[PDB]
């Protein structure tokens, strides 16, 4: 039983600050493009001791991604060069792991692969945090820090609900999550203490 969905987004600059080698599907390699928040995954919010994962034991079928491939590569890249540990000790690409581990547990609100990726992408584009931040003048930078409050206000004003921010211990923004109800309408996320008063949104390392 759950009431809300959580859409987890990752800040590319922080996921890429530990260099690495360019490999397929990697979001840290791609000529020249601005650093932005990309999709990590959509999942049911469980808060009662038990937190289910892998609910159908259903094999991820890459064929059902087709009408979304271009968008997934651009907005849902991976930041590791290895396959992700998924259900049944099965190695999988990020999209697969997210679908099997969480999307299956979203039934019947979300039924099947297609609808999972379709819904996740729709929410990302409709309530676009990157556009909100850019509008406020909050952009990737290695020399300037930002008031945490400026970022929160930008997202709330644009999306209509309070997000959840998570920073590493050096004050770098790592993730930003949005919460939604079963009808996919924005809802304030539970308050959390992670980020200091001033934070940084580093650019992807060259």
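Numbering follows the first chain given and starts at 1.
In the PDB record, does 133-141 or 58-66 carry the higher mean Cα temperature factor?
-> For C-alpha atoms only, the mean B-factor is higher in 58-66.
Going by the B-factors listed in the PDB entry, is the mean over the C-alpha atoms higher for 181-189 or for 15-23?
-> 15-23 has the higher mean C-alpha B-factor.
Among 102, 91, 71, 126 - the residue whose C-alpha B-factor is largest in the record = Answer, based on the entry's C-alpha B-factors: 91.
C-alpha B factor of residue 77, ranked within the chain: lowest, middle or highest third?
-> Lowest third, going by the recorded CA B-factors of the chain.
Within this chain's modelled residues, let me know which third the CA B factor of residue 46 belongs to: lowest, middle or highest.
-> For residue 46, the deposited C-alpha B-factor lands in the highest third.
Name the third of the chain's ranked CA B-factors that contains residue 147, choosing lowest, middle or highest.
-> Middle third by C-alpha B-factor.
Based on the entry's values, in what third of the chain does the Cα temperature factor of residue 85 lie: lowest, middle or highest?
-> CA B-factor rank for residue 85: highest third.
Where the record places residue 36 (Cα B-factor, split into thirds across the chain) | For residue 36, whose C-alpha B-factor we compare with every modelled residue in the chain, the answer is the middle third.
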